[PDB]
$ cat final_37.txt   # compact mmCIF, N, CA and C atoms
# COMPACT_ATOMS: atom_id res chain seq x y z
N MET J 1 107.64 53.86 130.87
CA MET J 1 108.90 54.01 131.58
C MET J 1 110.08 54.01 130.63
N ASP J 2 109.80 54.08 129.33
CA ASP J 2 110.87 54.07 128.37
C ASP J 2 111.61 52.78 128.57
N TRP J 3 110.90 51.90 129.26
CA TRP J 3 111.38 50.63 129.64
C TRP J 3 112.47 50.08 128.81
N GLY J 4 113.25 49.43 129.57
CA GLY J 4 114.46 48.80 129.18
C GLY J 4 115.42 49.00 130.32
N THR J 5 114.90 49.75 131.29
CA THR J 5 115.57 50.09 132.52
C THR J 5 115.01 49.22 133.65
N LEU J 6 114.02 48.42 133.30
CA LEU J 6 113.38 47.53 134.26
C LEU J 6 114.22 46.29 134.49
N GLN J 7 114.16 45.38 133.57
CA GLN J 7 114.99 44.19 133.63
C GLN J 7 116.32 44.47 134.35
N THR J 8 116.78 45.72 134.27
CA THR J 8 118.02 46.13 134.93
C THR J 8 117.75 46.76 136.29
N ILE J 9 116.66 47.51 136.36
CA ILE J 9 116.26 48.17 137.60
C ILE J 9 114.95 47.57 138.10
N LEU J 10 114.08 47.34 137.14
CA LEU J 10 112.76 46.74 137.35
C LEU J 10 111.98 47.37 138.49
N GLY J 11 110.71 47.02 138.53
CA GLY J 11 109.83 47.51 139.56
C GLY J 11 110.37 47.28 140.95
N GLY J 12 111.30 46.33 141.07
CA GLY J 12 111.90 46.03 142.35
C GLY J 12 112.73 44.76 142.32
N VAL J 13 113.39 44.51 141.20
CA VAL J 13 114.22 43.31 141.06
C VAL J 13 115.32 43.28 142.11
N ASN J 14 115.59 42.09 142.64
CA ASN J 14 116.62 41.92 143.66
C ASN J 14 117.53 40.74 143.31
N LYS J 15 117.40 40.25 142.08
CA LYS J 15 118.21 39.13 141.62
C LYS J 15 119.62 39.59 141.27
N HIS J 16 119.84 40.90 141.29
CA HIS J 16 121.15 41.47 140.97
C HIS J 16 121.87 41.92 142.24
N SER J 17 123.10 42.39 142.07
CA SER J 17 123.90 42.85 143.20
C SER J 17 123.52 44.28 143.58
N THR J 18 123.98 44.72 144.75
CA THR J 18 123.69 46.06 145.23
C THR J 18 124.33 47.12 144.33
N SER J 19 123.51 47.76 143.51
CA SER J 19 123.99 48.80 142.60
C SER J 19 122.82 49.59 142.02
N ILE J 20 121.65 49.38 142.59
CA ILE J 20 120.44 50.07 142.14
C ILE J 20 119.97 51.08 143.18
N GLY J 21 118.82 51.69 142.92
CA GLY J 21 118.27 52.67 143.84
C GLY J 21 119.03 53.98 143.80
N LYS J 22 119.14 54.63 144.96
CA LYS J 22 119.84 55.91 145.05
C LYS J 22 121.32 55.69 145.33
$ encode --input "final_37.txt" --output "structure tokens"
Amino acid sequence: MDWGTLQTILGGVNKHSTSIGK
């Protein structure tokens, strides 16, 4: 995944605020 976009986007992280997905 060229990862490094996970911790920020992750497989499904929800510990962050609404700003991910589409």
$ residues_around --input "final_37.txt" --residues "residue 9 in chain J" --least-positions-apart "5" --cutoff "8 Å" --atoms "all atoms listed in the file" --output "list in words"
residues 4, 14, 20 and 21 of chain J
$ atom_distance --input "final_37.txt" --atom1 "atom N of residue 2 in chain J" --atom2 "atom N of residue 19 in chain J"
20.7 Å
$ atom_distance --input "final_37.txt" --atom1 "atom C of residue 16 in chain J" --atom2 "atom N of residue 3 in chain J"
19.7 Å
